[PDB]
Amino acid sequence: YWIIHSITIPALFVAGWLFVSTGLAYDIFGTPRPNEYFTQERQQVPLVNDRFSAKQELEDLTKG
Amino acid sequence: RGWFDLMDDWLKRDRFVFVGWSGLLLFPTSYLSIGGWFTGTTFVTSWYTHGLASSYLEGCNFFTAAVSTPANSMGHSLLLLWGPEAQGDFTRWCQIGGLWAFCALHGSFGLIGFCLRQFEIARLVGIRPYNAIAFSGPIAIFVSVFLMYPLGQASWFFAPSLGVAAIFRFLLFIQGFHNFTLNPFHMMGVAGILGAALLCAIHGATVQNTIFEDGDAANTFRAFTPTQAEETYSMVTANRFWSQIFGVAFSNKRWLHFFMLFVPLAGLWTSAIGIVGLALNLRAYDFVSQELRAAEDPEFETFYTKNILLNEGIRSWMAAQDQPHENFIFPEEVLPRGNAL
Amino acid sequence: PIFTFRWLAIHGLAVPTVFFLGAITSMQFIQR
Amino acid sequence: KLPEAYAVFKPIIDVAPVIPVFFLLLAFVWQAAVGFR
Amino acid sequence: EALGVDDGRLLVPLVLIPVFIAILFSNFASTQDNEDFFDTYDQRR
Amino acid sequence: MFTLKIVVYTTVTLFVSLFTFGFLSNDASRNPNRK
Amino acid sequence: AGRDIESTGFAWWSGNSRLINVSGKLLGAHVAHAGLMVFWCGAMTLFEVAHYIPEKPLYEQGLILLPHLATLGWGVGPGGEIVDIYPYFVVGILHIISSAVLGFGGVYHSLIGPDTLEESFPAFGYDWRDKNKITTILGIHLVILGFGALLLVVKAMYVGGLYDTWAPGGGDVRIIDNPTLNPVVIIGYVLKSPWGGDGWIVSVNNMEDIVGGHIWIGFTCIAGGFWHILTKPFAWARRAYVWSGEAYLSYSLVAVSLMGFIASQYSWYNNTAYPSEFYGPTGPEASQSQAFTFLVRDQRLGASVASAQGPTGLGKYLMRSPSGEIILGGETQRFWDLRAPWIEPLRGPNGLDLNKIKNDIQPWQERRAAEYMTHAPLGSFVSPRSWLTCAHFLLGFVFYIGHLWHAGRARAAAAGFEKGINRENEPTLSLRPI
Amino acid sequence: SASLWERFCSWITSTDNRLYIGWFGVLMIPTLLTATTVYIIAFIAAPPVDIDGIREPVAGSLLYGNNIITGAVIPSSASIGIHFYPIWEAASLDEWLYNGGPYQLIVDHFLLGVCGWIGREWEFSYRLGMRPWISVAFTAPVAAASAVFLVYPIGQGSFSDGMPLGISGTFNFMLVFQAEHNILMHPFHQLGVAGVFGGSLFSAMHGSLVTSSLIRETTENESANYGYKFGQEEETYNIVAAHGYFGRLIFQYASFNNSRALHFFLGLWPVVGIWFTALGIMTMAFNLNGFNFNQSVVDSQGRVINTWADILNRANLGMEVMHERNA
Amino acid sequence: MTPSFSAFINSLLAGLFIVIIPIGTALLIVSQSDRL
Amino acid sequence: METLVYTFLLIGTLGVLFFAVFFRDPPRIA
Ligand code: CLA
Ligand code: CLA
Ligand code: CLA
Ligand SMILES: CC1=CCCC(C)(C)[C@H]1/C=C/C(C)=C/C=C/C(C)=C/C=C/C=C(C)/C=C/C=C(C)/C=C/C1=C(C)CCCC1(C)C
Ligand SMILES: CC1=CCCC(C)(C)[C@H]1/C=C/C(C)=C/C=C/C(C)=C/C=C/C=C(C)/C=C/C=C(C)/C=C/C1=C(C)CCCC1(C)C
Ligand SMILES: CC1=CCCC(C)(C)[C@H]1/C=C/C(C)=C/C=C/C(C)=C/C=C/C=C(C)/C=C/C=C(C)/C=C/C1=C(C)CCCC1(C)C
Ligand SMILES: [Cl-]
Ligand SMILES: [Cl-]
Ligand SMILES: [Fe+2]
Ligand SMILES: [Mn+2]
Ligand SMILES: [Mn+2]
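Residues numbered from 1 in each chain as written, not as in the entry; some residues may be left out. Chains lettered and ligands numbered in written order. Part of a larger assembly, values for the part shown. Heavy atoms only, no water.

- This entry lists cryo-EM as its structure determination method and reports a resolution of 2.57 Å.

Printed below as a string of structure tokens:
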């Protein structure tokens with residue numbers, strides 16, 4: 001029990017730590033970093049306007 | 001035996017956690033709903049749907065983190081990951097609020113699975129299924145509030161977001177835009193919930209204070225054993241106490257426990273009826289006679305009119321940030337205020 | 001032993017739980 | 001601020017007021033030690 | 001001031017009524033056995 | 001207003017005195033286990 | 001054994017209930033708790049003096065014991081300014097060192113001391129039913145409390161004096177030369193109405209009344225202690241009370257619950273025993289100070305829609321009280337009962353006099369009003385008065401709950417049905433129905 | 001029997017009365033009856049009350065244009081504050097009615113009556129020889145009523161801040177309290193919400209488990225409630241069956257095998273919740289408000305990124321400006 | 001033919017081969033293996 | 001006129017409470 005759990009558990013904790021510290025969470029989940037809430041061209045709140053062009057609209061909004 | 005019989009035998013085995021046939025629906029759906037809620041409150045943002053930060057990654061705490069509802073641009077879309085809105089892109093699906101739809105749908109199916117689990121365990125044990133009928137209360141609450149209300153409204157956007165501060169915002173938003181406190185069905189729901197809490201407290205105190213002296217110890221929890229053919233508390237003493245203190249008292253234990261079951265269930269179902277009424281903006285918002293009296297008499301004021309003014313304040317001072325898709329821009333002159341009324 | 005319902009449910013709870021605990025602990029040391 | 005001679009003993013003093021709470025916890029630990037008899 | 005007593009007549013109910021009831025209570029008190037008992041409460045009544 | 005005040009004072013004093021002297025009348029002995 | 005449910009009938013979570021019928025361990029537990037209280041006092045005093053910033057006032061740093069020490073006159077000069085924190089350090093050191101002695105005494109009398117006292121020390125033993133001995137102990141501790149009150153009196157009149165907010169030109173450490181020993185004033189304070197405008201004992205607004213009342217309390221406690229030592233409870237008292245440890249505990253619980261409510265109201269309203277230079281202004285004080293600051297800024301200059309007597313009948317921020325007196329107008333009208341040192345010289349027989357505010361105003365009054373306007377318990381920062389009031393109100397409520405619980409259980413245990421209904425002779429089965 | 005006072009004491013503490021009176025009832029019945037009749041008379045025909053003290057009365061009576069929902073006994077005038085305002089302390093009866101004196105009368109007599117009810121519950125428990133802690137359970141709604149009627153006006157300094165004796169007045173009290181103090185973010189109101197929700201859940205669960213495991217003592221042509229006879233010595237439901245069902249619905253460890261412990265928990269949970277929410281109301285009466293998470297998220301440039309707490313604060317601000325008729 | 005319908009068909013296939021088939025196969029294997 | 005209906009309903013409810021208290025089915029041991 002403790003033999004396996006002395007290796008798997010800390011490694012999993014470190015992996016969870018690195019999922020945030022390396023910035024992979026922002027890329028995977030699309031969460032904006034603190035320096036990319038407002039772009040230079042768009043100083044307003046970005047909101048999706050059409051449901052069927054949502055992917056392209058988000059690509060345009062998150063391109064910068 | 002056949003394959004179906006063997007699978008039924010295996011699913012019915014007395015393990016630490018009962019699985020059953022209903023487990024095949026309950027466990028994956030409930031697990032996915034809970035995991036999706038944790039993922040949304042931990043990583044997924046609401047910046048592109050509500051213009052809000054709701055995640056631990058963005059700096060929110062337990063109260064302010066939420067799985068926010070989808071964008072108002074989406075209608076009542078199922079928001080499937082493979083659907084035309086996301087087209088298989090996980091990042092865009094999370095950004096448009098598809099995780100809320102994931103949690104809501106898999107959670108509704110998890111509630112159905114848990115109700116079926118209650119039915120199945122009641123059938124196997126050999127008791128009446130008065131559970132999964134009590135749970136119909138919470139099922140109706142969830143269906144009316146998280147499913148029927150947004151379906152009656154413009155989109156999923158106006159559904160409650162899965163968070164503490166989000167739920168508080170939903171409460172205040174519904175009060176402002178519907179005057180839900182004035183709704184009689186909500187009043188019956190409040191009466192049911194408060195009466196159920198009253199019944200729980202009073203029944204617990206009554207049983208604890210009418211126990212038979214079945215032990216020599218001052219602490220009386222040891223005096224009870226489950227294999228008892230005798231009642232552990234005096235029903236006659238309790239009936240006499242409440243009949244000469246309150247004027248009326250229970251004399252039938254079965255009726256008392258059925259009543260303790262019935263009050264919260266009836267309250268929840270009445271509140272569900274009220275929320276279904278709210279879903280179509282069919283609200284008991286105002287009394288026409290009182291409005292007419294206040295219009296032709298500036299010196300006529302009641303607490304109902306003050307509540308109407310308060311609801312107007314919530315609507316105007318929250319519309320701009322609570323519905324960013326509408327692009328509401330209200331100048332300070334048009335904003336209602338107590339001064340210059 | 002290797003595979004049991006209790007074992008699988010426990011790990012399905014725990015492997016994300018420890019991952020999320022690590023993620024939140026990392027979030028605690030973000031510059032924010 | 002503490003006097004000049006007693007400044008370096010600021011940390012332990014900062015720990016000092018929350019000691020009674022630990023006493024309560026200590027009682028529970030004692031009840032945990034004897035098996036809650 | 002005092003016990004809300006801004007008029008002297010208000011002192012008449014505040015004294016005569018407690019005394020009168022006390023007199024009735026006296027008829028109770030003289031009837032009871034007023035010796036020591038060395039117990040949590042006195043069962044003699 | 002004075003007559004209402006004196007009536008209220010009379011009533012309150014009467015009820016408070018009844019309460020006080022009733023709980024002074026060996027109230028603990030008024031239990032079913034008293035012998 | 002006496003330390004388990006098998007031999008006592010009490011579980012671990014009710015385990016101190018096993019201390020009711022053993023005297024030595026009960027004494028040790030009480031001495032240990034006293035040591036805990038003294039340790040907290042000393043440690044928190046050291047913590048507060050370790051975090052004291054000289055430029056900030058006491059009430060802006062979240063300090064509650066340093067204001068108590070400053071009200072006694074230690075380390076405070078004119079105007080409420082703090083000169084040195086060394087006496088506060090000495091107080092904390094003395095409490096935290098006596099805590100070690102008290103803790104050793106509690107540990108000794110609890111662990112290795114005799115479980116019962118009467119078999120070895122008959123002068124200290126008791127039965128919870130020997131009324132004479134319990135009254136003797138009550139009288140001794142009453143004498144101790146009276147001597148403590150007289151010690152406060154001696155501090156007030158002889159050793160340094162007490163801080164007074166009502167001294168001219170701001171508060172100062174003053175020797176209370178002539179306390180109010182007249183029984184009429186003290187009895188009127190005790191019998192005063194507790195509602196708005198009267199305030200019962202919370203409304204004592206001068207140090208002389210405080211010192212005289214504490215003189216009366218100390219001497220009365222000494223006399224009552226000697227009385228209870230030399231007397232036995234009368235027939236009316238013997239038949240009315242339950243004579244057991246839990247009953248006495250419940251009596252103490254309701255007493256301290258009422259005391260906690262009184263102390264919360266004292267911290268919220270009183271600014272004489274709780275100076276505003278140490279505890280901050282009260283809510284009414286802050287509201288009236290904001291109104292007074294606005295009135296002053298209207299009298300000076302006059303561009304705030306108030307340049308003459310044209311607005312209202314009186315000047316701006318002025319109106320008449322329900323009894324006709326002149327008070328500050330606006331939302332602060334509900335706080336017209338406030339009496340504060342910075343506003344008393346501006347108040348006359350009819351209330352606030354406009355010309356007296358115009359001419360007889362002092363700069364220190366304006367500074368006090370502005371600094372109290374900045375820090376408002378209600379709003380315009382969590383006030384120390386708010387913390388004290390909320391904490392002791394909660395404590396009073398929960399100790400009323402404890403009194404109800406312990407009194408009900410004492411009655412049930414004395415009668416003999418606290419463990420349940422006998423089931424052999426059920427009381428309601430003998431009563432006729434309806 | 002021995003004396004006239006002894007006969008009076010025997011009648012007062014008699015268990016043969018239809019409703020037990022007792023010494024606590026000697027104070028409870030007059031105060032409760034007075035408050036009841038004054039409340040009925042005020043709800044039917046009271047004049048409008050200048051609650052804000054700026055000579056604009058607010059109507060709350062049926063005869064002045066209110067229904068049951070909108071009718072209320074308006075709190076006392078803000079000019080009164082928390083001054084004691086009986087009938088004899090007013091210049092005229094019209095002045096007493098205009099300043100909300102009946103509100104003070106009803107509140108004071110009702111608080112005395114509920115204290116007497118607590119004491120009377122204890123008294124009849126002692127008379128019947130049962131355990132006395134039902135009154136401890138009843139302290140929680142009494143605490144809540146005293147907090148919303150007495151403690152909050154004391155902390156705020158005016159009985160006008162107390163909860164109006166009505167439905168719409170109660171809603172107005174809730175909305176103004178949320179605006180002023182943000183009670184939703186207060187952890188003690190959260191504990192109270194948990195208490196009431198858990199009380200409803202546990203009442204429903206206990207009722208379901210007892211009704212589900214009812215022992216068959218009846219036929220199909222009659223109600224199952226007749227399977228239980230008043231005063232019977234046997235248990236009407238199988239505790240073992242309900243315990244097994246509950247321990248199979250969740251994992252086996254989570255179950256209340258002891259019925260006495262289960263009922264103690266049932267009594268404890270909502271009482272503790274209501275105690276906590278009453279304590280929260282008392283603390284917020286002295287401006288110990290709830291959590292403030294406003295402007296908790298900012299970007300690199302320093303612009304505030306709103307959260308749901310910001311939307312809640314916007315709603316609170318929208319209520320606040322409407323409540324304050326002054327600047 | 002549209003991308004939405006292709007996504008729907010692929011969703012049916014994924015629900016069959018990732019949810020229904022694996023869970024059903026495991027349930028059958030464990031049930032038949034453990035006849036108790 | 002609606003005030004009459006409101007008062008009638010309230011008085012009827014109070015009377016129902018009175019009759020439920022003082023004219024209930026008397027409990028007996030069976
Ligand atoms: C401040 C609160 C307080 C106090 C003063 C006491 C005191 C006491 N309890 Mg109570 N108790 C408390 C809280 C308290 N308890 C709580 C919260 C619980 C619930 C968990 C209990 C549960 C409980 C039970 C179940 C029982 C007691 C008993 C006792 C007595 C003897 C305990 C014993 O055998 O020690 C044994 C403990 C030890 C040997 C380990 C601790 C050693 C010492 C005390 C640690 C002190 C540390 C301190 C820094 C040392 C200072 C040294 C000095 C020179 C400066 C003693 C009078 C018992 C008794 O006498 O009943 C008849 C008993 O049966 N208590
Ligand atoms: C902590 C202190 C304390 C304690 C516990 C006791 C306890 C006792 N005393 Mg002692 N006593 C004390 C201090 C104390 N006394 C002091 C300081 C004095 C000097 C005045 C006396 C003088 C004294 C005498 C002369 C007698 C007692 C008696 C008694 C017994 C019954 C008392 C009773 O029923 O109250 C009855 C209480 C009342 C009738 C209420 C009177 C309240 C007065 C009018 C002031 C009201 C203030 C305010 C308006 C209302 C309370 C407000 C509150 C929030 C503060 C009891 C053993 C009697 C006994 O049997 O012993 C021989 C007795 O005859 N005591
Ligand atoms: C001076 C005050 C005082 C005294 C001496 C007693 C003494 C006693 N009480 Mg009473 N009681 C009091 C106040 C008091 N009580 C108050 C104010 C309340 C209301 C809350 C109660 C409610 C109460 C009940 C309901 C019961 C007692 C019981 C008892 C007995 C056993 C206590 C025990 O073993 O504790 C054991 C100690 C614990 C289990 C620890 C509890 C810890 C609490 C819940 C935490 C509270 C928050 C904490 C302070 C914050 C610290 C944070 C930390 C956790 C990190 C004993 C005779 C019991 C008994 O046997 O009756 C005779 C019993 O059933 N009391
Ligand atoms: C200290 C503290 C105080 C109070 C007491 C306390 C509460 C106990 C304690 C708290 C302690 C704490 C902080 C406890 C916190 C514990 C935590 C954070 C547990 C997290 C669990 C995460 C899960 C289950 C996510 C699973 C992800 C899934 C299923 C992914 C689903 C996917 C999504 C996105 C959708 C697409 C499909 C797939 C790909 C399947
Ligand atoms: C009985 C009981 C049974 C079981 C349950 C139980 C609750 C666990 C137990 C209770 C046990 C209990 C409650 C035991 C009670 C224990 C207590 C209260 C012990 C007090 C210790 C205080 C000390 C040593 C401080 C000394 C201060 C000094 C040296 C000051 C120094 C300063 C100087 C000189 C100059 C400045 C710097 C500093 C350093 C600040
Ligand atoms: C008999 C009886 C009836 C029936 C029930 C029963 C239980 C059987 C029993 C109950 C008995 C009960 C309930 C008995 C309880 C009775 C109570 C609560 C008596 C309170 C006494 C307090 C006094 C005299 C305050 C004195 C304060 C002073 C002088 C303050 C001075 C001040 C100082 C120090 C500081 C400055 C301010 C001033 C104000 C100047
Ligand atoms: Cl203002
Ligand atoms: Cl309002
Ligand atoms: Fe039950
Ligand atoms: Mn207010
Ligand atoms: Mn407001």
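Looking at the site of ligand 1
Phase 1: The immediate surroundings of ligand 1 are formed by 17 residues, with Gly2(G), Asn16(G), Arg18(G), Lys25(G) and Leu111(G) found nearest.
Phase 2: Positioned at a junction of chains, ligand 1 has nearby residues supplied by chains D and G.
Phase 3: A distance of 2.8 Å separates a nitrogen atom of ligand 1 from a polar atom in the side chain of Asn16(G).
Phase 4: Between ligand 1 and the protein, one listed contact pairs an oxygen atom with a side-chain N or O atom of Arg18(G) at 2.9 Å.
Phase 5: Listed by contribution, the elements that provide at least two residues to the shell around ligand 1 are α2 (19-33) of chain D together with α2 (23-50) and α4 (86-112) of chain G.
Phase 6: In terms of residue count, α2(D) provides more of the shell around ligand 1 than any other element does, 4 residues in total.
Phase 7: Considered class by class, the residues forming the shell around ligand 1 number 9 nonpolar, 5 polar and 3 charged. (Near = heavy atom within 4 Å. Polar contact = N/O pair within 3.5 Å; in protein donor to acceptor, adjacent residues only side chain to side chain. Helix = DSSP H or I, 4+ residues; strand = E, 2+ residues; numbered from the N terminus. Nonpolar A, V, L, I, M, F, W, Y, C, P; charged D, E, K, R; others polar.)

Concerning the coordination of the magnesium atom of ligand 1
Phase 1: The protein supplies the magnesium atom of ligand 1 with one donor atom, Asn16(G) (ND2), which lies at 1.9 Å.
Phase 2: With respect to the helices and strands, the residue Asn16(G) is situated in the loop between α1 (5-8) and α2. (Donors = N, O, S within 2.8 Å, 3.2 Å for Na, K, Ca; no water.)

Things to note about the side chain of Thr3(J)
Phase 1: Looking at the element boundaries, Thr3(J) is found in helix α1 (residues 2-22).
Phase 2: Looking at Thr3(J), its side chain comes within polar contact range of the main-chain oxygen of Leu62(H), at 3.2 Å.
Phase 3: Excluding its chain neighbours within four sequence positions, the residues that come into contact with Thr3(J) are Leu62(H) and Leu63(H). (Contact = heavy atoms within 4.5 Å.)

Observations concerning the coordination of the magnesium atom of ligand 3
Phase 1: The protein gives the magnesium atom of ligand 3 a lone donor atom, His406(G) (NE2), placed 1.9 Å from the metal.
Phase 2: Among the secondary structure elements, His406(G) is positioned in helix α14 (residues 384-415).

Details of the pattern of salt bridges
Close approach of charged atoms lets side chains of opposite charge pair.
Phase 1: Using the criterion set out here, one finds 36 salt bridges over all chains in the structure.
Phase 2: The shortest N-O distance in the salt bridge between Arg337(B) and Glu332(B) comes to 2.9 Å.
Phase 3: On the basis of relative accessibility, which here comes to 52%, the residue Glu332(B) falls in the exposed class.
Phase 4: Of the charged contacts, one joins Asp33(E) and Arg44(E) as a salt bridge, the two residues approaching to 3.0 Å between their closest N and O atoms. One end of the pair, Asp33(E), is in the segment after α1 (11-31); the other, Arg44(E), is in the segment after α1, and 11 residues separate them in sequence.
Phase 5: Take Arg44(E): its relative accessible area is 28%, and that puts it in the partly exposed class.
Phase 6: Within the structure, one salt-bridge network assembled from shared partners comprises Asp214(B), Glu230(B), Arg423(G) and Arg260(H). (Salt bridge = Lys/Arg side-chain N within 4 Å of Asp/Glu carboxyl O. Buried < 20%, exposed > 50% of the residue type's maximum accessible area, 1.4 Å probe, protein only.)

Re the environment of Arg334(G)
Phase 1: With respect to the helices, strands and loops of the structure, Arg334(G) is situated in the loop between β4 (326-328) and β5 (347-348).
Phase 2: C-alpha of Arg334(G) to C-alpha of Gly196(G): the two residues are 138 residues apart in sequence and 9.6 Å apart in space.
Phase 3: Leave out the neighbours within four places in its chain, and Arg334(G) touches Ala78(H), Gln156(H), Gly157(H), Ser158(H), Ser160(H) and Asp161(H).
Phase 4: Here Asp161(H) takes part through its side chain, which lies 2.4 Å from a polar atom of the side chain of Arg334(G).

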